[PDB]
Amino acid sequence: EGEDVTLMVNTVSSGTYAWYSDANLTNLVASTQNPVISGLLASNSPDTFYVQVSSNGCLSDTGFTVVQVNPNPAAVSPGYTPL
Amino acid sequence: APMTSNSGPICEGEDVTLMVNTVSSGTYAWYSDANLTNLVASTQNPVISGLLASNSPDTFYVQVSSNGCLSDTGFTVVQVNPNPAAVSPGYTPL
């Protein structure tokens, strides 16, 4: 958490690319071969994204990556012996 | 209708990325109205600076101007976050 994730489509030199947060086509989160998603939480650590290469007058299948978001370790409260 | 999107919530003082799904057809246009008025952005991924939480649901309208063709009017809503009040700290006289 606090780091961004590179998300990727194999280079398909056919058309435009699309990414969606659903398995369906909803709120395009990324529209390119190598977009980066910021703001993901470990509260949803298996974050699945769906992949569609929009070729010229053609739409490809719906591939899916899963982003693994790592929980941030708890804050530390250090101390010392009075001296 | 070109799928529309934007960045998540933006604090006053921060800028917002605004987005049109990549439509490799022509030029892009954004307007502050639902109508065609004062083009604020003319590309797939423009950034708007200067938005206020005084108008926190700021709706923008989306038109992909293809070659000799104009697409529908998509709409994103930018969520602008109010800035917390200033703090006036103090201390015990010592």
# chains A, B, ... in the order shown; residues from 1 in each chain; ligands from 1
call {"tool": "closest_atom_pairs", "arguments": {"of": "chain B", "to": "chain A", "cutoff": "8 Å", "atoms": "only C-alpha atoms", "output": "Markdown table"}}
result
| residue | atom | partner | partner_atom | distance |
| --- | --- | --- | --- | --- |
| B:3 | CA | A:28 | CA | 6.7 |
| B:4 | CA | A:28 | CA | 7.0 |
| B:5 | CA | A:28 | CA | 6.3 |
| B:21 | CA | A:31 | CA | 5.9 |
| B:22 | CA | A:31 | CA | 5.8 |
| B:23 | CA | A:16 | CA | 6.8 |
| B:24 | CA | A:16 | CA | 6.7 |
call {"tool": "closest_residue", "arguments": {"among": "A:21, A:49, A:63, A:69", "to": "residue 7 of chain A", "atoms": "only C-alpha atoms"}}
result
A:49
call {"tool": "residues_around", "arguments": {"residues": "residue 43 of chain A", "least_positions_apart": "3", "cutoff": "12 Å", "atoms": "only C-alpha atoms", "output": "list in words"}}
result
residues 1, 39, 40, 46, 47, 68, 69, 70, 71 and 72 of chain A
call {"tool": "write_last_selection", "arguments": {"atoms": "N, CA, C and O atoms", "output": "PDB file, in the first residue's frame"}}
result
ATOM      1  N   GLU A   1       0.846  -1.182   0.000  1.00  0.00           N
ATOM      2  CA  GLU A   1       0.000   0.000   0.000  1.00  0.00           C
ATOM      3  C   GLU A   1       0.882   1.232   0.000  1.00  0.00           C
ATOM      4  O   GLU A   1       1.855   1.311   0.747  1.00  0.00           O
ATOM      5  N   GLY A  39      -3.465   3.917  -5.831  1.00  0.00           N
ATOM      6  CA  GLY A  39      -4.528   3.879  -4.839  1.00  0.00           C
ATOM      7  C   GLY A  39      -5.137   2.530  -4.500  1.00  0.00           C
ATOM      8  O   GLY A  39      -6.257   2.486  -3.989  1.00  0.00           O
ATOM      9  N   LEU A  40      -4.464   1.420  -4.756  1.00  0.00           N
ATOM     10  CA  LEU A  40      -5.077   0.144  -4.415  1.00  0.00           C
ATOM     11  C   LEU A  40      -4.773  -0.217  -2.974  1.00  0.00           C
ATOM     12  O   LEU A  40      -3.713   0.117  -2.447  1.00  0.00           O
ATOM     13  N   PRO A  46      -6.682  -9.320  -3.476  1.00  0.00           N
ATOM     14  CA  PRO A  46      -6.719  -9.995  -4.789  1.00  0.00           C
ATOM     15  C   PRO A  46      -7.476  -9.142  -5.796  1.00  0.00           C
ATOM     16  O   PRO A  46      -8.627  -9.419  -6.113  1.00  0.00           O
ATOM     17  N   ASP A  47      -6.906  -8.051  -6.274  1.00  0.00           N
ATOM     18  CA  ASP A  47      -7.720  -7.144  -7.073  1.00  0.00           C
ATOM     19  C   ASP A  47      -7.664  -7.555  -8.552  1.00  0.00           C
ATOM     20  O   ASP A  47      -6.640  -7.402  -9.220  1.00  0.00           O
ATOM     21  N   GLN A  68      -1.737  -8.268  -6.519  1.00  0.00           N
ATOM     22  CA  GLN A  68      -1.595  -8.645  -5.121  1.00  0.00           C
ATOM     23  C   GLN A  68      -1.137  -7.446  -4.323  1.00  0.00           C
ATOM     24  O   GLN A  68       0.008  -7.015  -4.462  1.00  0.00           O
ATOM     25  N   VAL A  69      -1.992  -6.922  -3.467  1.00  0.00           N
ATOM     26  CA  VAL A  69      -1.607  -5.764  -2.681  1.00  0.00           C
ATOM     27  C   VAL A  69      -1.228  -6.200  -1.277  1.00  0.00           C
ATOM     28  O   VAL A  69      -1.984  -6.908  -0.605  1.00  0.00           O
ATOM     29  N   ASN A  70      -0.059  -5.792  -0.847  1.00  0.00           N
ATOM     30  CA  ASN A  70       0.543  -6.176   0.423  1.00  0.00           C
ATOM     31  C   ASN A  70       0.147  -5.227   1.559  1.00  0.00           C
ATOM     32  O   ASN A  70       0.301  -4.009   1.436  1.00  0.00           O
ATOM     33  N   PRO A  71      -0.357  -5.768   2.660  1.00  0.00           N
ATOM     34  CA  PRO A  71      -0.695  -4.977   3.844  1.00  0.00           C
ATOM     35  C   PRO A  71       0.510  -4.245   4.386  1.00  0.00           C
ATOM     36  O   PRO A  71       1.617  -4.784   4.432  1.00  0.00           O
ATOM     37  N   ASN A  72       0.279  -3.029   4.822  1.00  0.00           N
ATOM     38  CA  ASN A  72       1.322  -2.231   5.427  1.00  0.00           C
ATOM     39  C   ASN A  72       1.490  -2.637   6.895  1.00  0.00           C
ATOM     40  O   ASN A  72       0.494  -2.799   7.595  1.00  0.00           O
TER      41      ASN A  72
END
call {"tool": "atom_distance", "arguments": {"atom1": "atom CA of residue 11 of chain A", "atom2": "atom CA of residue 45 of chain B"}}
result
20.9 Å
call {"tool": "closest_residue", "arguments": {"among": "A:9, A:67, A:59, A:76", "to": "residue 41 of chain A", "atoms": "only C-alpha atoms"}}
result
A:67
call {"tool": "residues_around", "arguments": {"residues": "residue 25 of chain B", "least_positions_apart": "3", "cutoff": "10 Å", "atoms": "only C-alpha atoms", "output": "list in words"}}
result
residues 22, 28, 64, 65, 66, 67, 68 and 69 of chain B
call {"tool": "atom_distance", "arguments": {"atom1": "atom CA of residue 47 of chain B", "atom2": "atom CA of residue 18 of chain B"}}
result
5.8 Å
call {"tool": "residues_around", "arguments": {"residues": "residue 50 of chain A", "least_positions_apart": "2", "cutoff": "8 Å", "atoms": "only C-alpha atoms", "output": "list in words"}}
result
residues 19, 20, 21, 22, 23, 24, 48, 52, 62, 63, 64 and 65 of chain A
call {"tool": "residues_around", "arguments": {"residues": "residue 34 of chain B", "least_positions_apart": "4", "cutoff": "10 Å", "atoms": "only C-alpha atoms", "output": "list in words"}}
result
residues 30, 59, 60, 61, 62, 73, 74 and 75 of chain B
call {"tool": "write_last_selection", "arguments": {"atoms": "N, CA, C and O atoms", "output": "PDB file, in the first residue's frame"}}
result
ATOM      1  N   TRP B  30     -13.399  18.218 -24.505  1.00  0.00           N
ATOM      2  CA  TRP B  30     -14.037  18.279 -23.214  1.00  0.00           C
ATOM      3  C   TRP B  30     -14.628  19.647 -23.002  1.00  0.00           C
ATOM      4  O   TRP B  30     -14.021  20.660 -23.359  1.00  0.00           O
ATOM      5  N   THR B  59     -19.113  18.065 -13.003  1.00  0.00           N
ATOM      6  CA  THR B  59     -19.426  17.206 -14.143  1.00  0.00           C
ATOM      7  C   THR B  59     -18.827  17.765 -15.432  1.00  0.00           C
ATOM      8  O   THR B  59     -18.991  18.947 -15.730  1.00  0.00           O
ATOM      9  N   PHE B  60     -18.161  16.912 -16.210  1.00  0.00           N
ATOM     10  CA  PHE B  60     -17.570  17.310 -17.485  1.00  0.00           C
ATOM     11  C   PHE B  60     -18.082  16.472 -18.636  1.00  0.00           C
ATOM     12  O   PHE B  60     -18.352  15.285 -18.487  1.00  0.00           O
ATOM     13  N   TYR B  61     -18.105  17.052 -19.811  1.00  0.00           N
ATOM     14  CA  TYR B  61     -18.766  16.325 -20.862  1.00  0.00           C
ATOM     15  C   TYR B  61     -17.755  15.902 -21.929  1.00  0.00           C
ATOM     16  O   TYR B  61     -16.768  16.603 -22.163  1.00  0.00           O
ATOM     17  N   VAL B  62     -17.982  14.717 -22.521  1.00  0.00           N
ATOM     18  CA  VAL B  62     -17.017  13.993 -23.356  1.00  0.00           C
ATOM     19  C   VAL B  62     -17.463  13.795 -24.802  1.00  0.00           C
ATOM     20  O   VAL B  62     -18.537  13.232 -25.066  1.00  0.00           O
ATOM     21  N   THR B  73     -22.188  12.260 -26.097  1.00  0.00           N
ATOM     22  CA  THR B  73     -21.717  13.154 -25.045  1.00  0.00           C
ATOM     23  C   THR B  73     -21.609  12.417 -23.721  1.00  0.00           C
ATOM     24  O   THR B  73     -22.572  12.365 -22.957  1.00  0.00           O
ATOM     25  N   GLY B  74     -20.446  11.847 -23.445  1.00  0.00           N
ATOM     26  CA  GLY B  74     -20.227  11.113 -22.210  1.00  0.00           C
ATOM     27  C   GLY B  74     -19.958  12.099 -21.093  1.00  0.00           C
ATOM     28  O   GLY B  74     -19.682  13.268 -21.352  1.00  0.00           O
ATOM     29  N   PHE B  75     -20.042  11.648 -19.848  1.00  0.00           N
ATOM     30  CA  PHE B  75     -19.873  12.585 -18.741  1.00  0.00           C
ATOM     31  C   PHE B  75     -19.125  11.998 -17.549  1.00  0.00           C
ATOM     32  O   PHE B  75     -19.547  10.974 -17.016  1.00  0.00           O
TER      33      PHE B  75
END
call {"tool": "select_by_dssp", "arguments": {"residues": "segment 55-84 of chain B", "states": "strand (DSSP E)", "output": "PyMOL selection string"}}
result
chain B and resi 57-66+69-70+74-81
call {"tool": "write_last_selection", "arguments": {"atoms": "N, CA and C atoms", "output": "PDB file, in the first residue's frame"}}
result
ATOM      1  N   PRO B  57     -19.104  18.139  -6.935  1.00  0.00           N
ATOM      2  CA  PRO B  57     -19.495  17.203  -8.008  1.00  0.00           C
ATOM      3  C   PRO B  57     -19.293  17.851  -9.369  1.00  0.00           C
ATOM      4  N   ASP B  58     -18.066  18.009  -9.831  1.00  0.00           N
ATOM      5  CA  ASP B  58     -17.883  18.810 -11.033  1.00  0.00           C
ATOM      6  C   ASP B  58     -18.003  17.923 -12.281  1.00  0.00           C
ATOM      7  N   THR B  59     -19.113  18.065 -13.003  1.00  0.00           N
ATOM      8  CA  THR B  59     -19.426  17.206 -14.143  1.00  0.00           C
ATOM      9  C   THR B  59     -18.827  17.765 -15.432  1.00  0.00           C
ATOM     10  N   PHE B  60     -18.161  16.912 -16.210  1.00  0.00           N
ATOM     11  CA  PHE B  60     -17.570  17.310 -17.485  1.00  0.00           C
ATOM     12  C   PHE B  60     -18.082  16.472 -18.636  1.00  0.00           C
ATOM     13  N   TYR B  61     -18.105  17.052 -19.811  1.00  0.00           N
ATOM     14  CA  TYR B  61     -18.766  16.325 -20.862  1.00  0.00           C
ATOM     15  C   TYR B  61     -17.755  15.902 -21.929  1.00  0.00           C
ATOM     16  N   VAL B  62     -17.982  14.717 -22.521  1.00  0.00           N
ATOM     17  CA  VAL B  62     -17.017  13.993 -23.356  1.00  0.00           C
ATOM     18  C   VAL B  62     -17.463  13.795 -24.802  1.00  0.00           C
ATOM     19  N   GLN B  63     -16.634  14.248 -25.735  1.00  0.00           N
ATOM     20  CA  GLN B  63     -16.966  14.109 -27.145  1.00  0.00           C
ATOM     21  C   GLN B  63     -15.739  13.770 -27.963  1.00  0.00           C
ATOM     22  N   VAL B  64     -15.713  12.575 -28.540  1.00  0.00           N
ATOM     23  CA  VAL B  64     -14.598  12.189 -29.393  1.00  0.00           C
ATOM     24  C   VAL B  64     -14.875  12.613 -30.820  1.00  0.00           C
ATOM     25  N   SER B  65     -14.176  13.638 -31.283  1.00  0.00           N
ATOM     26  CA  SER B  65     -14.414  14.142 -32.626  1.00  0.00           C
ATOM     27  C   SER B  65     -13.668  13.308 -33.643  1.00  0.00           C
ATOM     28  N   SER B  66     -14.313  12.256 -34.137  1.00  0.00           N
ATOM     29  CA  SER B  66     -13.690  11.405 -35.141  1.00  0.00           C
ATOM     30  C   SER B  66     -13.597  12.134 -36.473  1.00  0.00           C
ATOM     31  N   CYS B  69     -16.836  12.996 -38.045  1.00  0.00           N
ATOM     32  CA  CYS B  69     -17.859  12.370 -37.215  1.00  0.00           C
ATOM     33  C   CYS B  69     -17.746  12.837 -35.776  1.00  0.00           C
ATOM     34  N   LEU B  70     -18.880  13.027 -35.113  1.00  0.00           N
ATOM     35  CA  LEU B  70     -18.858  13.413 -33.707  1.00  0.00           C
ATOM     36  C   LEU B  70     -19.564  12.348 -32.886  1.00  0.00           C
ATOM     37  N   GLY B  74     -20.446  11.847 -23.445  1.00  0.00           N
ATOM     38  CA  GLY B  74     -20.227  11.113 -22.210  1.00  0.00           C
ATOM     39  C   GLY B  74     -19.958  12.099 -21.093  1.00  0.00           C
ATOM     40  N   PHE B  75     -20.042  11.648 -19.848  1.00  0.00           N
ATOM     41  CA  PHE B  75     -19.873  12.585 -18.741  1.00  0.00           C
ATOM     42  C   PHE B  75     -19.125  11.998 -17.549  1.00  0.00           C
ATOM     43  N   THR B  76     -18.039  12.639 -17.104  1.00  0.00           N
ATOM     44  CA  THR B  76     -17.389  12.194 -15.876  1.00  0.00           C
ATOM     45  C   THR B  76     -17.742  13.151 -14.764  1.00  0.00           C
ATOM     46  N   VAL B  77     -17.670  12.691 -13.528  1.00  0.00           N
ATOM     47  CA  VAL B  77     -17.860  13.611 -12.422  1.00  0.00           C
ATOM     48  C   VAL B  77     -16.621  13.590 -11.555  1.00  0.00           C
ATOM     49  N   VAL B  78     -16.045  14.755 -11.353  1.00  0.00           N
ATOM     50  CA  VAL B  78     -14.840  14.911 -10.568  1.00  0.00           C
ATOM     51  C   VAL B  78     -15.226  15.195  -9.135  1.00  0.00           C
ATOM     52  N   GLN B  79     -14.688  14.436  -8.204  1.00  0.00           N
ATOM     53  CA  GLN B  79     -15.000  14.650  -6.798  1.00  0.00           C
ATOM     54  C   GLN B  79     -13.892  15.453  -6.157  1.00  0.00           C
ATOM     55  N   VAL B  80     -14.174  16.685  -5.782  1.00  0.00           N
ATOM     56  CA  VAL B  80     -13.145  17.505  -5.168  1.00  0.00           C
ATOM     57  C   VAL B  80     -13.338  17.530  -3.662  1.00  0.00           C
ATOM     58  N   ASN B  81     -12.289  17.212  -2.945  1.00  0.00           N
ATOM     59  CA  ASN B  81     -12.279  17.074  -1.496  1.00  0.00           C
ATOM     60  C   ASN B  81     -11.967  18.399  -0.791  1.00  0.00           C
TER      61      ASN B  81
END
call {"tool": "residues_around", "arguments": {"residues": "residue 39 of chain B", "least_positions_apart": "3", "cutoff": "7 Å", "atoms": "only C-alpha atoms", "output": "list in words"}}
result
residues 29, 30, 31 and 42 of chain B
call {"tool": "atom_distance", "arguments": {"atom1": "atom CA of residue 60 of chain A", "atom2": "atom CA of residue 13 of chain A"}}
result
12.5 Å
call {"tool": "decode", "arguments": {"residues": "segment 9-47 of chain A", "atoms": "N, CA and C atoms", "output": "CSV table (one decimal), in the first residue's frame"}}
result
chain,number,residue,atom,x,y,z
A,9,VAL,N,-0.8,-5.6,-20.9
A,9,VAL,CA,-1.4,-6.3,-22.0
A,9,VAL,C,-0.2,-6.7,-22.8
A,10,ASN,N,-0.2,-8.0,-23.3
A,10,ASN,CA,0.9,-8.3,-24.2
A,10,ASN,C,0.8,-7.4,-25.4
A,11,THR,N,2.0,-7.0,-26.0
A,11,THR,CA,1.9,-6.0,-27.1
A,11,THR,C,1.1,-6.6,-28.2
A,12,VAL,N,0.0,-6.0,-28.4
A,12,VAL,CA,-0.8,-6.4,-29.6
A,12,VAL,C,-1.0,-5.2,-30.5
A,13,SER,N,-0.2,-5.1,-31.5
A,13,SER,CA,-0.2,-3.9,-32.3
A,13,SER,C,-1.4,-4.0,-33.3
A,14,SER,N,-2.6,-3.9,-32.8
A,14,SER,CA,-3.8,-3.9,-33.6
A,14,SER,C,-4.7,-2.7,-33.4
A,15,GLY,N,-4.9,-2.2,-32.2
A,15,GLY,CA,-5.7,-1.1,-31.9
A,15,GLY,C,-5.5,-0.4,-30.5
A,16,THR,N,-6.6,-0.1,-29.9
A,16,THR,CA,-6.5,0.6,-28.6
A,16,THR,C,-6.8,-0.5,-27.5
A,17,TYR,N,-6.4,-0.1,-26.3
A,17,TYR,CA,-6.5,-1.2,-25.2
A,17,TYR,C,-7.5,-0.7,-24.2
A,18,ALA,N,-8.1,-1.6,-23.5
A,18,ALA,CA,-9.0,-1.2,-22.4
A,18,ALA,C,-8.9,-2.1,-21.2
A,19,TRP,N,-9.0,-1.5,-20.0
A,19,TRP,CA,-9.0,-2.2,-18.8
A,19,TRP,C,-10.2,-1.8,-18.0
A,20,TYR,N,-10.8,-2.7,-17.3
A,20,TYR,CA,-12.0,-2.5,-16.5
A,20,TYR,C,-11.8,-3.1,-15.1
A,21,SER,N,-12.4,-2.5,-14.1
A,21,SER,CA,-12.3,-3.1,-12.7
A,21,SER,C,-13.3,-4.3,-12.6
A,22,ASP,N,-14.2,-4.5,-13.5
A,22,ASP,CA,-15.1,-5.6,-13.4
A,22,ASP,C,-14.7,-6.6,-14.4
A,23,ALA,N,-15.4,-7.8,-14.4
A,23,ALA,CA,-15.1,-8.8,-15.5
A,23,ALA,C,-15.9,-8.4,-16.7
A,24,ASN,N,-16.8,-7.5,-16.5
A,24,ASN,CA,-17.7,-6.9,-17.4
A,24,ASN,C,-17.0,-5.6,-17.9
A,25,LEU,N,-17.7,-4.8,-18.8
A,25,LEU,CA,-17.1,-3.5,-19.2
A,25,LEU,C,-17.9,-2.4,-18.4
A,26,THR,N,-17.1,-1.8,-17.5
A,26,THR,CA,-17.7,-0.8,-16.6
A,26,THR,C,-17.0,0.5,-16.6
A,27,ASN,N,-16.1,0.7,-15.7
A,27,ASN,CA,-15.5,2.0,-15.5
A,27,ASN,C,-14.1,1.8,-15.9
A,28,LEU,N,-13.8,2.0,-17.2
A,28,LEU,CA,-12.5,1.9,-17.7
A,28,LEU,C,-11.5,2.5,-16.7
A,29,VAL,N,-10.5,1.8,-16.3
A,29,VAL,CA,-9.6,2.3,-15.3
A,29,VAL,C,-8.3,2.5,-16.0
A,30,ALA,N,-8.1,1.8,-17.1
A,30,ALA,CA,-6.8,2.0,-17.9
A,30,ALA,C,-7.1,1.7,-19.4
A,31,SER,N,-6.5,2.5,-20.3
A,31,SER,CA,-6.8,2.3,-21.7
A,31,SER,C,-5.5,2.3,-22.5
A,32,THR,N,-4.6,1.4,-22.2
A,32,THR,CA,-3.3,1.3,-22.9
A,32,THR,C,-2.6,0.0,-22.6
A,33,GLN,N,-1.5,-0.3,-23.2
A,33,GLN,CA,-0.8,-1.6,-23.0
A,33,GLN,C,-0.1,-1.7,-21.6
A,34,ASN,N,0.4,-0.6,-21.1
A,34,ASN,CA,1.1,-0.6,-19.9
A,34,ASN,C,0.7,0.6,-18.9
A,35,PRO,N,-0.5,0.6,-18.5
A,35,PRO,CA,-1.0,1.6,-17.6
A,35,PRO,C,-0.5,1.3,-16.1
A,36,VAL,N,-0.6,2.3,-15.3
A,36,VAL,CA,-0.3,2.2,-13.9
A,36,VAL,C,-1.5,2.6,-13.0
A,37,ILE,N,-1.9,1.7,-12.1
A,37,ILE,CA,-3.0,2.0,-11.2
A,37,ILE,C,-2.5,2.4,-9.8
A,38,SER,N,-2.9,3.6,-9.4
A,38,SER,CA,-2.5,4.1,-8.1
A,38,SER,C,-3.7,3.9,-7.1
A,39,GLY,N,-3.5,3.9,-5.8
A,39,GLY,CA,-4.5,3.9,-4.8
A,39,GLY,C,-5.1,2.5,-4.5
A,40,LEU,N,-4.5,1.4,-4.8
A,40,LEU,CA,-5.1,0.1,-4.4
A,40,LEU,C,-4.8,-0.2,-3.0
A,41,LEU,N,-5.7,-0.9,-2.3
A,41,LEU,CA,-5.6,-1.3,-0.9
A,41,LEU,C,-5.5,-2.8,-0.7
A,42,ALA,N,-4.9,-3.2,0.4
A,42,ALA,CA,-4.7,-4.6,0.7
A,42,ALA,C,-6.0,-5.1,1.3
A,43,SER,N,-7.0,-4.2,1.5
A,43,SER,CA,-8.3,-4.5,2.0
A,43,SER,C,-9.1,-5.3,1.0
A,44,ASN,N,-8.6,-5.2,-0.3
A,44,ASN,CA,-9.1,-5.9,-1.4
A,44,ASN,C,-7.8,-6.5,-2.1
A,45,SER,N,-7.1,-7.3,-1.3
A,45,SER,CA,-5.8,-7.7,-1.8
A,45,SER,C,-5.7,-8.4,-3.1
A,46,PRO,N,-6.7,-9.3,-3.5
A,46,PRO,CA,-6.7,-10.0,-4.8
A,46,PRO,C,-7.5,-9.1,-5.8
A,47,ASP,N,-6.9,-8.1,-6.3
A,47,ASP,CA,-7.7,-7.1,-7.1
A,47,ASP,C,-7.7,-7.6,-8.6
